[PDB]
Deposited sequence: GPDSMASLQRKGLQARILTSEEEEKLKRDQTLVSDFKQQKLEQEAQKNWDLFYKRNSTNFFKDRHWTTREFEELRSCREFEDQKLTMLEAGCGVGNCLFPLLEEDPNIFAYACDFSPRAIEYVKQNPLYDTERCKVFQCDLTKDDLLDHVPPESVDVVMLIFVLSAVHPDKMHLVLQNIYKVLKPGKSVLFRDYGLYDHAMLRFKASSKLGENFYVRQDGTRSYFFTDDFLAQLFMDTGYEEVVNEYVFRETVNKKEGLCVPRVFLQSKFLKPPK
């Protein structure tokens, strides 16, 4: 295990993510995200407001803004370089999306998104970054913004995913919890763990299924793919 370095890696979780956005090129969302995105819409062109948590460069989101022109995207990420990288992109349309630095385990989302304002939150490959101790914090932060009948679309690394089977016991922070070389972490989800996180934080399970996919020598990538709902009043 990494012992004290863990507290160091946690303390620097933003920085390594910020550094990751430094060195790397801008450079994944399945159709399920896009297809389920529209299923949250009752009127055929109902205007939907979506929070894409952990936006990164929003490489996946920005086409979705073009593909569907009648949705608003509150996008946040705690990497400042990440945000500017989306700020710099020409596709950025201040009308389409409000992007803002937020560490979801620290910053109340009501600073930028009105409470119960968003139709759908996308937790795509983000919860694996945050420390498992603090994950429910991300879920509490996003409950505040979810309309009381709306849902969270979650895709993330799942148990026994390729990356989990590639890591040496030296990258292992703990059970199903690993640090990538650049110091960003990957937690490899199990259906039960995510379910409890969502149950504890007040959501209701719609879909919680492992999804197996072919990496682009291939061992399947295992992604835990799920939909959770804010219970209605």
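- Comparing the deposited sequence with the modelled residues shows gaps at 1-32, 60-64, 254-258, with numbering starting at 1.
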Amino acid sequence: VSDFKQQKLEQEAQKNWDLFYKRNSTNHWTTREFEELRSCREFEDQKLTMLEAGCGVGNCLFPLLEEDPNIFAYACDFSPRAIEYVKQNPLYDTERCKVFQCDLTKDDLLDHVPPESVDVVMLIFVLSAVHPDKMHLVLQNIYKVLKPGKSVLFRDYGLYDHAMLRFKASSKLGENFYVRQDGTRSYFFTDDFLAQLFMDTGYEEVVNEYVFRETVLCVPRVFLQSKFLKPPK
From here on, numbers count along this sequence of modelled residues.
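- Mean C-alpha B-factor is higher over 39-47 than over the other stretch, the pair under comparison being 39-47 and 196-204.
- For the pair 62-70 and 185-193, the mean B factor over Cα atoms is greater in 62-70.
- For the set 106, 134, 96, 112, the PDB entry assigns the largest Cα B-factor to 96.
- For residue 149, the recorded CA temperature factor ranks within the middle third of the chain's modelled residues.
- In the deposited entry, the Cα temperature factor of residue 156 sits in the bottom third of values across the chain's modelled residues.
- Sort the modelled residues of the chain by CA B factor and residue 27 lands in the highest third.
- Residue 34 sits in the highest third of its chain by CA B factor, as recorded in the PDB entry.
- The PDB entry assigns residue 138 a C-alpha temperature factor belonging to the lowest third of its chain's modelled residues.
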